[PDB]
C-alpha cells in the first residue's frame, strides 16, 4: 500500500535488471554505480525525490577551491545539472538533483540518475585544475 516513490524504485530496478532494492531506516536507497560513483536516492518529500551523488570527503588543505566549486556551479546552472553542495555530517561533497514525482516514470528516474553520474564523472573536467 506504498506511495509512488516505492513503486518507481521497484519498476526502475525492473527496467535495468538488477533485481530488487528498497528504502532504508533513513528514507533513502544508496547504490554505487561502478563502485566509484556513489548515488543515494532519497524520497525527501511527498512531491519529490532528491538524487544525491556523493563525491567523497571535501579537501581542507589550502581549500581555496571551495570558491572554485562555487564557481563551477555556474556551469551546472546553465546546463541544468545538479547543484554542487557541501554537506557537514560527512564533510563530503555532493551533487544534488531534485526529481519530482508527478508524471514520473522508470525511464525518467534512470535518465536523471545517470545525469548525476555524468556530473560526477565530468566534474574534474568542469574545473580549472
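Numbering follows the first chain given and starts at 1.
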Would you determine, from the values in the PDB entry, which of 88 to 96 and 43 to 51 has the greater average C-alpha temperature factor?
88 to 96
Select between 75 to 83 and 29 to 37 the stretch whose C-alpha atoms have the higher average B-factor in the entry.
29 to 37
The residue of 105, 111, 119, 20 with the maximal C-alpha B-factor according to the PDB record is 20
Residue 123 - which third its CA temperature factor falls in, relative to the rest of the chain
lowest
